[PDB]
Each structure stands twice: as C-alpha cells, then as structure tokens.
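1. PDB entry and its sequence, pasted below:
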Amino acid sequence: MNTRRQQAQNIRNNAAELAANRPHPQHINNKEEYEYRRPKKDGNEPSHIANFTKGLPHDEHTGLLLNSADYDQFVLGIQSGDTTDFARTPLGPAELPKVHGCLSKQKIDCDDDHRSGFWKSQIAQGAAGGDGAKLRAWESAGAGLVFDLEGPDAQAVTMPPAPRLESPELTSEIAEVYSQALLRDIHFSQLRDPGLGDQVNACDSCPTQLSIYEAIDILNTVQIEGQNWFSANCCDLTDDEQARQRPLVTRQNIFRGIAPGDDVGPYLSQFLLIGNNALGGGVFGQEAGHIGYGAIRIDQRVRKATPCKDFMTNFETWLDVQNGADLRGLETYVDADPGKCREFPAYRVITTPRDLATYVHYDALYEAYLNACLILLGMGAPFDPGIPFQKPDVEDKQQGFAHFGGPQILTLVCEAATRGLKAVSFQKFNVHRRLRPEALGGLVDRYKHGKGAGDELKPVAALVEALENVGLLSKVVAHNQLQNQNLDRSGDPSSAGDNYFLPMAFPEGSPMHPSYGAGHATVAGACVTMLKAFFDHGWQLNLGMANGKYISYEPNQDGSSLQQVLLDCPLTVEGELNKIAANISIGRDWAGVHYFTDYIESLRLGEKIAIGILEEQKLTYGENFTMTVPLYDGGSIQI
Amino acid sequence: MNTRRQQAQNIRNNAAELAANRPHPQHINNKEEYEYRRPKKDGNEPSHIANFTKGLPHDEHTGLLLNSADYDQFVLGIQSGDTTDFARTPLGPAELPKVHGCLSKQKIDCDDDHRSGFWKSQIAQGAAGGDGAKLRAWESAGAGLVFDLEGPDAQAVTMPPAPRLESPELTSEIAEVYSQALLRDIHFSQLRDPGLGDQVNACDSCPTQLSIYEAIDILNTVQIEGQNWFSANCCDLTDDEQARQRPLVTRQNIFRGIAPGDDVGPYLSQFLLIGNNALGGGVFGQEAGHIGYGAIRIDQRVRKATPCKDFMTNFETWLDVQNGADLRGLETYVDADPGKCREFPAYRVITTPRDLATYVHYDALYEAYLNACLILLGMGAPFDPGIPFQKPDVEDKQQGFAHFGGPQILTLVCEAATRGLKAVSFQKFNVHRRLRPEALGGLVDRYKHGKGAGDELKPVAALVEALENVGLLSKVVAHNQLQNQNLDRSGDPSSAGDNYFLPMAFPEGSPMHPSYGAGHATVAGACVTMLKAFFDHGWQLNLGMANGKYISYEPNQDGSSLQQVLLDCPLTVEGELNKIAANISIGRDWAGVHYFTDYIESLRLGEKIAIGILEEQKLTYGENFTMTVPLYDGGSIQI
Amino acid sequence: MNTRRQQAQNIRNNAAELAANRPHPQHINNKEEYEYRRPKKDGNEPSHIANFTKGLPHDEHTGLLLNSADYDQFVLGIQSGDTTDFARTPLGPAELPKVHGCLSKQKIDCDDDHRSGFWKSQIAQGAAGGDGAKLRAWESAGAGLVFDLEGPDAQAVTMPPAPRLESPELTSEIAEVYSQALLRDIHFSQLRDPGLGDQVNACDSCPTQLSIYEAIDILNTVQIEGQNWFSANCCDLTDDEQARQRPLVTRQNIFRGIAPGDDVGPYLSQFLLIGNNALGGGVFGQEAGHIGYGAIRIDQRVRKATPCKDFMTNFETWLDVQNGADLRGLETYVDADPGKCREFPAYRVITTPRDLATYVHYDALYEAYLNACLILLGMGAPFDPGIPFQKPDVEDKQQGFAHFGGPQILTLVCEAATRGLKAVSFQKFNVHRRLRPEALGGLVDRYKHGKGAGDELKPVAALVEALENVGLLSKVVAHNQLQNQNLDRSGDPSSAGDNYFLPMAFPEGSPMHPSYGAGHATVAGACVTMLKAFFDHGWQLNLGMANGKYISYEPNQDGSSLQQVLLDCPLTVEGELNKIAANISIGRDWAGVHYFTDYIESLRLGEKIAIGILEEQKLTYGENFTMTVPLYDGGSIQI
Amino acid sequence: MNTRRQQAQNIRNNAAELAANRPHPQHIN
Ligand code: NA
Ligand code: NA
Ligand code: NA
C-alpha cells in the first residue's frame, strides 16, 4: 500500500498530467483585426471597425475609433495583464493628440465629480441625478491568463473563427438579431408551429414594424453574391461553417438552438416556467411556478420591464454607451397593482423575449441551471444508472448522499461556471475580439449617413444591401422613429433624422467585454452538460397527460398563470436542459448583445470545459462507475 | 518563458505539493468503541452503546444492539469501502443466529413487497399506504476514502475526540438538546435578553413542560461528581475541552454559537428573514423577505409543519427508526388559508426552532450560505479591499467580473461544500462514530426500564442522575405522555407506560450516518469562511436606523411579517454570516439530531477545508493580491 | 557503446513511450443506451431494446428485457471486471422480484441436472439428450481491460458510433442482413455481373421467397423520411457516415466490402478455394484445392450443413437462445456418399453463403489469413522490396530466414489477432453494446404482434414501415412459414402464427458478446494488413491465363471442383487479401449475426492495431529498411 | 486511480525491467 498523503498527491499529479496530455489546439481568428483599413496623412492604418472598441475613445462627430494607437495600447494591456498597462489605455471620450501616432488624452478623470458636459445624450447627461454618467472599464480582461486546479486550461481549448462582414453567414445573423429587436414584445406562443395549440398576443399592445411571417421570409431571402446562409449546400461551406449551418427557417425552428430537443414542444424550457409541488402536503401544483428550494420556494416570475422601450435608438444614445457611459439600472420597470397578490404585474411569468432579456440581464451566472437542477430533484428525477448505490436500500445496503446524491450535482452546476468564464474570456479578449451586434448596427447607420474617411466603411457596404433588399432596414428606421418620440431622447439632435441603429433592451447595451464567445452560453453549455451527465438525460418528464397527449407549459396573455400545451410525445430531461441552455444563451441575442455563432460555438466550448473536469475527478473515486454524458453534436460519451 | 501547457501543469503540481507539505494530523477517538462492554456466555463482548448502530439489527424486546458481529462487519465495510462488504452487513430487524459469533439473518429482503408485519409501531406498519415502511441504508460511508483535485484531503484534517458518557460536558449537551425539544415551539424573540425589545409568544399555543428560565437553571445546575461544564475552571479541563468550553448560560447566549457576533442582536441571522429591495423601481422593501435572485425572487418563508407534533416519543416508534424504517415525508404540514396571499400560513416566516428544524430538514446543502451571498450582492456589499480592480472604473480602467466579481464568490460558496462533506464523512464513519442524541435518549429510557444484561447500561447511570436531579426527565416523561395521546401512536403498547425518549421533530429522526462531525456545520463553516474571506467581514449592514438605534429584524407572532429590533451598534457581515452558520448548524440540535460539539468542532474543521482551497487557488492568479479571511477563534489570517 | 541488457531495455521502454505518445481518442456511443425508454409504476425506465441483452432474463411472454436492474448489474460487472460482480448478474430465464428495482431471481442453478421444463422450445427442451439445454454466459467481457506488451492499448483506439433505429443507414443494413438469410443457399456465381462468365444454380433446390434482382431493388428502394442510404448525397450525411457510405447496389458490388479490389473478379477470394501445386513433382494443380502446408496438405472443402435449414424462425426458438440456451452443435450436416472419394459431399467446396457461414462458424481465429499466407509462400510470392537480403544470394551474400523470410510473417498473422480481439472487446462490451441483428429481427416481430408496454417499441415503428413498404417482410413471413413446418419446431405454439424473425444459420445464433465491433473483421483487418505490409501487395497472382484472359476460380454446381472464370486484368495480392478479409467478415452477416458497419469499422480498427505493432517492432532491427503497408481508405503508409 | 495510458505504459516498462533484472548468463564456447 501507499500512505493516503502520497495517493492523494499522485491523483492530483495524474489529473494535472491527464489535462496536459490532451489535444491543445491552436487559436485562429478571421484576420479581420488588421485587414480592413482607413486613411492617415501619407499612408493607411487599420480601422478596427470589425473589432470590439466599446469603452475606448470614439470620435464624437463620426462615432468611429478616434485613435488606432488607443486600440494598440488596449490590445497590449490584454496580453500583458499588467494593471499598469490597463491604466495607460484611454477610456470614454478623449481628444486626438497634436502629434500623430501618440496616445489620446482622456477628458474625464478623478477630479470630474460633475460629468454632465462630457456626454451628448440627454439620458447620460442627467443619469447620476444631474451629475452625469460615470466611465465604466472592461470586465476581467486578464481572466484568460488565470490558471485553474481542475478542468482544461483556458488556452488549452479554443473556438473557431468568427464570421466576417463580407460573409453570407453574418448577414443572416445580424438580420436575425435585428428581427428579434422588432419582435421583442411578441408573446412566446407565436415562436412555434400553430398546430401544437392556440397562440395568443401580448396583452400589452406595442407598435410592431415586423411580424413572424415577414421575419422568416427576410431570414430565408437575405443573401450575399446570390447565396443565403440557410440555402447554401455543404460543398460551398468550410468544415467549420458546415458545423454551425442551420436549415431553412420554420415557425418551429425560428430563433431556436440546434441542440437536440430544442425543436420539440414550445420555445421556452419548462425549467423557466414550472416549479415543484409544495413540500409535504400539496397546497399548490407544478403549474404554480414555485421551485422546491428545500423548505423555502423560488419565484419563477421575472421583473416586468416597461414593454416596447428599447435604448440606443439614436446616434447620441449609441455613441455615449460606446464611449463607456455607465447606464446600468436606468431601464424602467412596471409598478405592481395593489389589488393583485404575488406583486403582479410588477413580477409576471416570462411572456415575451423582453422578459427573457430582463431575466438574462441579471441572471447571476448559473441560477437558471441550478433552478433546473433543483426542479428535477424535487420532481423525483433519476440519476444516470451507472452511478453507485442507485438500487433499493435493502439490496445494496447503501443510499449515497455526500458523493453520489443531490449534494454532488448541486456543487457541480456551480463549480463548472467559473472555469467556463475564464476559458471564453481568452477567446473574447486575447483572440477573436468580435464587435458587439450593437456596434454593427452602429457601422450600418454611419455608412448610410456617409460617415468615415475614404473606403473605411466599404467592407460593410455589401452587408447593408441585403438588409435593405429584404426591406428590413426600412422597418428598423420606422421602429426607431417611434422610439425617438420618447421625451428622454426626443430633443437629442439625431432623433429628428433617420437611425438604422439596432435597438438595445438595456440602456448600457452589451457588457464591457468583446462579443465572440458568450459568457452566458459558455456557462450554459458547461452547467447543462454536467446536469445531462449526472441525471438520466432520456427521462421523460412526468408533468402529467390529458386526452392521450403529454401536457407541457407556456405563459398566458398577461403571464398571470401557465397555459398548458398538449404534445404527441413527452419532454425528456436532455431536451429541456438543452432548451434552457439555448433560451438563456439566445436570451442575450433577443437583448441584441450576441449573434447565433456566439451561442452555438460557446455551447460546444462549454461542454469541453465540463467534460474535462468530470474526466479529471474520476481519478478520485475507487467505486469504478460510468457517467454517460450526451453531447449537442449527436451521440453520447462515457466518462 | 514557459509554454502555457507547462505553467498550467506546474501550478496544479505546486498546489498538489503545497497540500501534502501541510500538517497531516493523527485521528484520535475517545476509545468508547471497545471500552463499555456487556456479558456473553462464558466471557464478555463490547456493548457498542456509545457507537452509531442506526440501521443495524436492534433487539426488538430490549432495543439494544442484537449482534456485535453485525457492528464488526459494519465497521469492516466502512474501512474497505467495497460494495460487496456493505451487502454482507445486516440491516433493520434480524434474528440472532443459533451458532454464537455468526452474522445475524435479515428478516426483510427483495421478495417482501408487503412489510407491515416486521414493524412494531402503527406509523411504520401503515407508512407506505398499508404495505409497511421499507429498509433504508447508510449514506456515503465510503466518502471519507474519496480524494479531491483542490483543498486538503479528507484524512489530511481531523476533529478532536467526542465527549464520553461519564463526562460533565456530554451531560450538559444532552440536557441542552433535551431542553430544545421541549422549547421547540418557543417564539425566537424569547431567545435573547429582553432589554433589546418587546418579546412575544407563538400565536399557536402548545402544552409546555419547560420554559426558558427553567432551562438556563437546569443547564447551569446540571453537574457530574459536583462539576458543571459551564462552571468548571480551565485547570480541570483538557486543552481540547478548554477550546469548546462556553460561559455560564445567559438569556442572550442560550442555544447560540461561540463564533464572534453570535451574541450581538437577536437569535436568528438576518439572511434567514430579510430579502433584497425589488429590482429597479422599488415595489417592496428588505422587510418583505424576497432575496434579489437576479431578475427573479427567493421566498424566505419556510413550510409550516404542524406545531407540538414530535415523533419517536415511545419505544416502538424509536425502535423501528433505529431498525432503519424509512419514514421520510410522514411529518404533516399546516394547510394554506384561501383568504390570505403568498400561501399563508402554509408558508410562514421562520418563527420557532420547529420552523428552523423544518428549513434545515430539506435545507439542500449550501442554499442558506448562497442566499446570504445573494442578499449581500443585491444590498451593494463591498468585497475585501485586497482584491484587484476594486477602485473607480475611470482610475484603474478595469471592473473585474469573471475572477474578481460576483461570479467568483457565487461558485466558491457552492464549491467548498462537497469537499466539506467528504472531510467530515471520514470523521463520522472511519474515526469517531458517535451515537446520535436520539440514541442516547434511547439509552436513558432503557436504563430507567432496567433493560440490557448485567452492568451493560452502568456507563449511562451517572448521566441519568444529573438529568433527574435537575428535574428535567420528570418534564420529558410529562411532554412524552401528552405526545403519546396522539391517535397515530396511542394504541402502541409503550404509550401506556413512561417514555424518557428525546422527542424527534422528524419521523425518521437523524440521517443514516454517525453523529460526530455535522454535515450541515462542516458545509456552514466552509461556505461562510469563503464569504467572510471574499467580502469585507467588518461591513456594518445598512438595514437603516430609527431613533438613533440601528434597526434589525426578528419574526412577528404568526410570522406574517418582520418585527423590527433596535440595537445600539449596527450588525456586521462577519457576525451575521457566523450567526447563520450557527443557526443552520444548531438548527439540527433543535431537531434533536446533533450536540453542540458536533456544531463547534465541524465549524473549525469547515474553515480548514475552505482556507486550504483558497491557499491552493492563489497559485493561479498573477495579480498578487491578499484575501484577509477572519477565523472563529479570534484573529484573522492573510491568504 | 551500451551493454546489450541496457539497449534491449531502452528499446522496450521506447516502444512503450511511442505507443503512449500517439493520439488516444475519446470513445463516443450513439446514446441509444438510456435514450429509448418504457413505463414503470409512477415513472419511466430505459427499455434497453437497442442494447445487447442476450443471456440476461427476457420476459417469457413478451420476449423483452424482464428487469432493467439486471442490465444495470450486467453493465456494472463489465466496467469493474470483478469475477464476483459477474456472479451477481442473473442469466437465462428468471422471475421478476416482488419488490420493484431489486435484482431478478435465476430459475436455473447448479442443482438443476434436468433442465427440460425451463425452456419453451422443443429443440432446447430435448437438446442435451432429453436433460434440456444448459445456460451459457458472456465471452471475455473483461478482455477490454486487459493490457498488452506490443501494439496499441485496447482503449488507446476506438470505433465510431453505431447507427440508430431511426436512421436510414440501419434500415438498409437490417434489410441487407435480412435479404442474405433468404439468399443463403444462392450459388456464389450469382453474386457478380453475369458478363464475366456463365452463372449456375445450387444443385440442391431450396424454396426461395427472394432472388438477387429483387434484393438489389429492395436495398436501393428502402428509405426513411424519403432518404435511402445508397442514394443520400454527402451534404446530408455526417463525416463519420460519409466514410461508411456505399454506392447504388450493383450485381458486382452487392454484399461485397468497400476495400480496394473487392469489386474485381468473383465474390469468393481465391485463398478460400485454390490451394498450392503438389510439393516436388506435381501430382495435382492449384485448382485441386490443397494448400502447401509444408510437407502435408490443407483441405479447402468446408463441412456441408444441410441446406435451407435456418433456426430461431419462431418466437420460442428465438426466446430460448436470447435466454442463453446453449445450442452449439445442434445444426445437422450432410452425410458422405460411399461411392465418392475425399468424403464428398460431406466435405464440399464453399459453394453458397451457408457454406461460408459454416466455414466462419468454426473458422478458429486467423486460419483463413494463415492459409492465404501459406498459399502465397508456396506459389513463390515476393515480399515487399524494402525488406533486407531480398536480392540474388551471390550479390548480397545473405538470404534471410529467421527475421526477413517465411518464419517472420507466419508468426505475425497469428500474433496480431489476440491484440485485435482485446481492442474490439472494449468497443463491444464497455462502449457501444449494439444489439445483434437477430435481436432486431426479434424487436421487428414483437412490434408486429403489438407486444411491450406503452410507447416502448415506437422507436422500431419507423424501421418496420420501410421493410414492409419494400415488400421484404411479406417474403420473410413466407420463408419462416415453410421453416416452421419442420418437425423440430412444428408443434411450437408460435409456429402456427406469423414470424418476422430474421432466420439464424446457427441454432444458438450470435456468440455471447455484443454486436458492434466484429471479432472476425477486427482479426481479418489486423491479419490481412500484416500480410499486405510484408508481401508485394501489387503482385499480380500467376494463376495462369487462357485465350488472352487471366483465369480465376469460383465453385461448380455441387462444389465437386473449381469452375474457371476469365477476367481482362489479373488478380493482385492486395485485392484477394482484402476480399478474404471481407469474405470472412461479411461471412458472419450471411449467418445473420453482424451488420455491414460491424465489418467496415472493425477492418479500419483492425489495421490500426496491426500498424501499431509493426511501428513498435521497427525499433528492434538495425538494418533500417521500409515496409510499405497499403490501407483500405486509399493510399499506402511507410513503416 | 491512474489514466489507462499511464497504467498501459507502466506495465510495458515493468515487463521491460523484469526481463532485464533476470540472470543474464555469459556465453562460453
Ligand atoms: Na438507493
Ligand atoms: Na470597480
Ligand atoms: Na535472396
């Protein structure tokens, strides 16, 4: 034998070696960083239009990257991770220097207690009780360089290159993210084939410049050089692009993930609507929406944000956000009705993408995937049959709580997320640095106003044609027109003119870190993979059945209760975990802060992080069991 | 430089070595295992009265360990961890073999679909809809042998020896756990010095055979060989016992933990009563009891179990539980009132120890410590000033989300718990194997009925004197008398006679694993230590103040809302985290499944697990910061 | 220099490291294991219909997996490899326990000398001279966990996921394996384009419900969701499926392998028909069928099993086999004719798939590939020109016998096979666990009798449609009708009704180990790869030529002698080795125990095992030569 | 536990050492 000290050290060294001896891939970007250029005096420099520049100095007149030297310093700081190198990077509004090639001078500083004059938008000017908005910096840029004790390393795993401005793929994606902004107040029952059950309209009537029927046509018709993303055959596409590729847009498969079981049933996953039966003697049912949080409850009702109230719809509002104006918590929320119980309608069931965007806005990491984990445990969901002490207590003479029970999975959903964020943080900051969809909506507008210098915005030219030739932009300007009649931005100079800016559900828009690699989807992919591994992924949810059809749940007209939907086949653990993975992941896309590529490839990156942890932790147990974890790309694996 | 693969492997090897090079202590029990004996034909064998035997065959007539060979096989199985060795261990009721020294024969098996006849209690006989209760086995016995990737090893950390039946310490502890059973329906406002604010009685009037005033006297007067635990000076006590030692019992310090800040304010920690202010525009306040779970809410109202309804109050009910009768979920809960909102009183505020016992009954691991973590984040609580990117965004030009924000602490509270359970699982199963307080209540009764053989129960003799000489038992028999008038156990033969059994708030009583080392307290200690480390432990909670006194919260008469309590000094993050640590940890003691020693030493074991993880994870970051984590034993440490 | 001891140790350490430093792939199944479910009381459990359950307890009334707990114990035993864990797994017929979730009780045991009453089929009831059939257990389940001194490790190599019940691929495969059962007595001259030479009918006239012309149409027309396997373009298929994919079924390419040279010439490889010229002075020719086994001969005539006599054609016969009834050697064989020499027709030339099924039934591992090796050596076949001492003896002054002659290759064909079996044993038992084609024929029948519970056999529904819509099943029931008129199973209750069971050429059917990964094909692929490596793969076989056409051999009407076939081009060593690889590998498929996927992917797995050994053994020799081993997937490699 | 790769390599190294640690005789004509 060996002393336990040695055995414990050996296993931690074996896990460390196992992690190292796996395939360490090479990180390949789409080369957009230094490809698209613009003009300087007696030469040319890169435009960095296709790069994330949110927080840096943007020209206050043109809304383009003010100084390229700022981005070169921003990039430098990312790779070093030195706190000192962050401090040299200019932030928010700035003045271009008198000597060319030098770093920009930051207008706002520590002695600026009153910051009203620096911003050009009314909202930002009187944001902090009349003082004016504050600067906000980038979030955990050096997290990609942070190591970990378990799972694969952040740079020991990679995502494929982001699609380009010239590509047919991106054109379909920006159109999809654009469409969702105009379809942001649609009732969820509309996002599915009408044969399943009766659909309804959102009780709150909003001005709509786009419907579902139109959106499917636009997404199917949108094309570059006579090629549509959904239409294009395999032969044309690259091995990387062949993987992401989706089919022709259907009422059922619209705005949905490509993970198995996403198509089956309604849009919204049960684990975002249903709860558990009341502890002990049942006072309420699963349709109540109270999760069985041990002896206390979880309310499944999200905070209701005032419908059809999108932000950054004009240039000033957009520019100030892109100049790192801290506008968090300036979005308004519907007040409660004294007559009604359970703080309705202040807190209602997630009825529209807006309410998903709101849920996802403050989601707080792994909440959604823990909640789903809690729901299954309370329901009486079985664990993967490979796991020890799973048989009747009399026969096996052991139950298993500490390491093969609820306790182990409760920690695992939470564990994985942290490793997830670090892994994607590298892909965002140190590799791809893809612009936010809000920025592309920026690029689209500025081009249509003939802004920039020379052939700077020529790359975007191809993109805006398809968006206008499908007739989408014409509806976006109409939607924006009505949004700029709001008193908060009515007097903004840009409100009078046309705006092609993609509406943001949040005043601040996207978080202060690059687009490519989604923080929500990476956590979603990782946390869900752990749940699918541990639980019996096939387990058909016993939500009950009526009239020989297995019942499901979607919200009612005002989200006051759940409307039952009756399907031919029952819902499985796998599908609903994959659906809530997709719901939260695409939940950002509805808010207009992510593309589909950000979701899909993050979900694939997420499972690699999660699988790696499970692989490494298997060295510890001497029971010698098997955990069968299903993947999003077809067949399952045996850990 | 080195390639990232090598650096990542080196850090995981360095963490593994750091863990090994720390002090690996030697595990010392109190030698009770094979000390107390009883008689066999022409010799003597150990009684195993002071050991955990719950689940094994107990003699149906005497309620003592039927065969010592069963315990020797039970012990053997623990140390091996072999699934086959578990299967040989007899469970529940059994028949003593015709040849002596041989293993007992199990009555119940896989062909016993109807198990009514095997049980001697009415409740268990008609438990499973008339079929009869099923056998339940021991929970994760082999978890002590499971290794881990981060933190200290389970056998690389130890707890001091459990107190003995002869000791003054245990006598005070069993009296404390006994008292709590009779004080189980007391309103929490009573568990504090009355000078702070107006106290109240529980709206539900229960027959009480013991009051607070009496309980303090009993705990202060109870003594062995003219020595009281709280009275005894340092000189008399051992270095291990000097640490646990508490002061003379006060109205303020009664049934409370010895962690700093437990004495200050009411009994119940705020993080078990208060919530967050409503997201965005405030529709309700913190006194509401809705935690700011991102965009959804957490209900702080526990399920209300029918008051003054304790179980295992007679021999039959006690014996069947001790014979591993699965009675989970047979406890009844108060129905809701249609007229009232928020499912009242079915779901009410934690008003009595019963409601804490109920909360803790299904607590689901780290819920309480995550909830507390969520509350602080929503409040706007500051992190430990050592942590990077903590200064204004403009100055430092970075915020930190992924690794130095909410995300990192959210995973850490959840992370630590799993490592905690494995560490204590060893101390329970492989080392101390201390009997449950319910078992000691068993030993007390059987002695007072002159059960057992020869000088078997002589060890307990000394214990029962002090309990009777304080006049406690006389009140326990009176409490039990009224409890056995219930129709569910009225017709049980033992109901007619006197019962000295400690009432259990759960029908099944303690979980199927030994007493010493508390699973709740180990998680509590570990999770709270992580919170204290990350957050500014000193941060005075801004709950508001009225009349120049800082306001606090305790429940009202029916737990319909929070009653404000006004203190001279404000509550700190440290104290309330230490109080919720103690609340949940002692929450078991109220249910009657743990002693104080199980709490205190687990809280100390818990922080060692947590600190060890933090120490190891510090190798990853290159920022070079400092986390100042305060300890329960005075001064703070710098990680 | 180094001492030889050190050099010898270094090379064995270098080989060990080389093996480890190669790509270790991750084992991915199709997730069918826990996907398809059925109903239990108040819940749902997995059906394990798509898993190998042969030997376990099958319900005697429905013919489905009796208890899922048995499979969970069966799986557990596989992964542990513990002899004790095998013994707990119930075998053959069993009684479902009174408590649910418990292990089944085995009817047959060691005190059952007379086992007539346990079986439901006449054949099995009077199998062991009236005593009744015995139980048979699973074959080398723990061989996947066995290590090796040379070649790649069993878990250091993997096969792609098995096709699913829903898939178009499987539907084409089961139709192919079904067709072969009805075409089992076809003369081999029919399995090729008729332009090559005159075709003939099997002298023994059997009732045929299917012809070649019909079988090609059925295989080309069979489709799922309007998709045929052979018709489907690359774009639709996955990278794994794109590899297996075959072209539209031709008279030449029907039931043939996709290895280069399989299409060229007749179906049956020469090395299964031809022999060598008589040692010294030629008394007979190559058309004789006597292999030059040094100074003795090998008879190429297989034992003739009585034609059109298939087994397990009814439910009882099928069920008893699936309940592990040991029926080995109950198949009857044609008696010899006293008048004729060389024990004819008792021993005849392999004339029909039946005779191949019979050859392959007792093939005894590597016999076929050694025989082929012996034939080439006797013919005067050249070795790969890279090998040392290959030139005229006078010039080079060395011949090479021990290490570069016959001796080295003779051991290599035999060597590789053992490593092959262990490698695939893992893929069968520990990963894929694909049901046998006989089991799917079982699933098809039970569905058509409306057996099982709820939506248990719904997965198979899609499969049986295509089989009936092509009109195949209608012919299978007709074939089965005539087979159940046999007196051995005439009185079996199921004989009266319709049977859709795929006929088995063996009474026992498939061997006691899962379908996916073929033991014959893995050995075939491995052994043939070694032969192709060593010999000059291109070497055009000098069998002679007549009328300016290179002669070949196929059998005559009664397999009394070889009928010559004249082709435009000569046969190469590569093609005929690939053809005998395919012949033996597909030889199982004719018997109805394997699919095409089992052959193709095993042949690819086989070469990886073989190449790995050759790579490792190259460290030993200091001659520094090159062995050019051709692959089945196009180009050759240089070892 | 160890990863199968390591266990498989260790056994092949153990076999190689076992072979070397046996009596290596001197060849006398
Ligand atoms: Na169990
Ligand atoms: Na900050
Ligand atoms: Na030669």
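-> Yep, it's here. Residues are numbered from 1 along each chain as shown, chains lettered A, B, ... in the order given. Ligands and ions are numbered 1, 2, ... in the order given.

2. in stretch A:64-71, what's buried?
-> A:64, A:65, A:66, A:67, A:68, A:69, A:70, A:71 (16 or more other CB atoms under 10 Å in any protein chain shown). To be clear about C-beta, it is placed using only N, CA and C from the backbone, and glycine gets the same treatment.

3. Show me which residues of the stretch 301-450 of chain A are close to chain C?
-> A:380, A:382, A:384, A:385, A:386, A:390, A:391, A:392, A:394, A:395 (CB under 8 Å from any CB of the partner chain).

4. make that the stretch 501-639 of chain A, sorry
-> Residues of the stretch 501-639 of chain A lying near chain C (CB under 8 Å from any CB): A:536-540, A:542, A:569, A:624-626, A:628, A:630-631, A:634-638.

5. I'd like the distance between whichever residue of the stretch 151-300 of chain A sits closest to chain D and residue A:616.
-> Scanning the stretch 151-300 of chain A for proximity to chain D using CB to the nearest CB identifies residue A:152 as nearest, at 14.5 Å. Distance, residue A:152 to residue A:616, using CB to CB, to the nearest Å: 9 Å.

6. who's in contact with residue A:100?
-> A:40, A:41 (CB atoms under 8 Å, 6 or more residues apart in numbering or on different chains).

7. which SS state does it fall under?
-> Three-state call for residue A:100 (DSSP: H, G, I helix; E, B strand; the rest coil): coil.

8. Look at the residue of the stretch 501-639 of chain A found nearest chain D and say how many residues are nearby.
-> Of all residues in the stretch 501-639 of chain A, residue A:619 sits closest to chain D, at 4.9 Å by CB to the nearest CB. Residues within reach of residue A:619, counting by other CB atoms under 10 Å in any protein chain shown, total 19.

9. is it true that it touches residue B:147?
-> Yes. Taking contacts as CB atoms under 8 Å, residue A:619 lies within contact range of residue B:147: 7.3 Å.

10. Determine the residues that are contacts of both of those two.
-> Counting by CB under 8 Å, 6+ apart, the residues touching both residue A:619 and residue B:147 are residue A:11.

11. and the residue in chain A that chain B sits nearest to, what is it in contact with?
-> Residue nearest to chain B within chain A: residue A:414 (3.0 Å; CB to the nearest CB). Listed by CB under 8 Å, 6+ apart, the contact partners of residue A:414 are A:366, A:370, B:410, B:411, B:413, B:414, B:415.

12. Tell me which helix or strand comes right after the helix or strand hosting the fifth one.
-> Put plainly, it is residue B:413. In this structure, residue B:413 sits in helix B:406-426 according to DSSP states H and E. Remark: after helix B:406-426, the chain's next helix or strand is helix B:437-448, criterion DSSP H and E.

13. In TSV, list the buried residues of stretch A:64-71 along with distance to residue B:266 and secondary structure.
-> Shown next, in TSV, are the buried residues of stretch A:64-71 (distance: CB to CB, whole Å; DSSP: H, G, I helix; E, B strand; the rest coil):
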residue	distance to residue B:266	secondary structure
A:64	59	coil
A:65	57	strand
A:66	57	coil
A:67	58	coil
A:68	61	helix
A:69	59	helix
A:70	54	helix
A:71	56	helix
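
14. farthest-separated two in the residues you listed?
-> Pairwise distances across these (CB to CB) peak at 14.3 Å, for the pair A:64 and A:69.

15. Please list the residues of the stretch 401-550 of chain A that sit near chain D.
-> Close to chain D, as judged by CB under 8 Å from any CB, the stretch 401-550 of chain A has no residues.

16. Report the contact partners of the residue of the stretch 401-550 of chain A found nearest chain D.
-> Closest contact between the stretch 401-550 of chain A and chain D, by CB to the nearest CB, is at residue A:403 (14.8 Å). Contacts for residue A:403 (CB under 8 Å, 6+ apart) come out as A:621, B:140, B:142, B:143, B:146, B:418, B:421, B:422.

17. go with 10 Å
-> By CB atoms under 10 Å, 6 or more residues apart in numbering or on different chains, the contact set of residue A:403 is A:387-389, A:620-621, A:623, B:139-140, B:142-146, B:418, B:421-422, B:425.

18. What subset of the residues of the stretch 501-639 of chain A next to chain C is buried?
-> By 16+ other CB under 10 Å, these give A:536-540, A:542, A:624-626, A:628, A:630-631, A:635-638 as buried.

19. from those, which is closest to residue B:7?
-> residue A:637 (28.3 Å).

20. count of residues packed around the nearest residue to the residue of the stretch 401-550 of chain A closest to chain D once chain neighbours are set aside?
-> Once flanking residues are discounted, residue A:403 sits nearest to residue B:143: 4.7 Å by CB to CB, 6 or more residues apart in numbering or on different chains. Around residue B:143 there are 29 other residues, counting by other CB under 10 Å.

21. go on, residue A:506?
-> By other CB under 10 Å, the residues close to residue A:506 number 24.

22. my guess is it contacts residue A:332, does it?
-> No. Assessed by CB atoms under 10 Å, residue A:506 is found out of contact with residue A:332, at 12.0 Å.

23. shared neighbours of those two, anything?
-> In contact with both residue A:506 and residue A:332: residue A:305, using CB under 10 Å, 6+ apart.

24. What are the boundaries of the helices in the stretch 151-300 of chain A?
-> With helices called from DSSP state H, counting those that start in this stretch, the stretch 151-300 of chain A shows them at A:168-182, A:212-221, A:239-244.

25. residues near residue A:284, how many?
-> For residue A:284, using other CB under 10 Å, the count is 17.

26. For it, give me its contacts.
-> A:275, A:276, A:277, A:278, A:290, A:297, B:336, B:343, B:346, B:347.

27. thought the first one was touching residue A:289?
-> Yes. With contact defined as CB under 10 Å, residue A:275 reaches residue A:289; the gap is 4.8 Å.

28. Determine the residues that are contacts of both of these two.
-> Going by CB under 10 Å, 6+ apart, residues that sit against residue A:275 and also against residue A:289 are A:297, A:298, A:299, A:300, A:562.

29. looking at these, which has the most residues close by?
-> Going by other CB under 10 Å, residue A:297 tops these with 27 neighbours.

30. how near is it to residue C:49?
-> 40 Å.

31. Also residue A:596?
-> 36 Å.

32. and those two? which has more neighbours close in?
-> residue C:49 (25 against 22).

33. list the contacts for the more buried one?
-> Residue C:49 neighbours (CB under 10 Å, 6+ apart): C:32, C:36-38, C:64-65, C:165, C:435, C:439-440, C:442-443, C:446-447, C:452, C:456-457, C:459-460.
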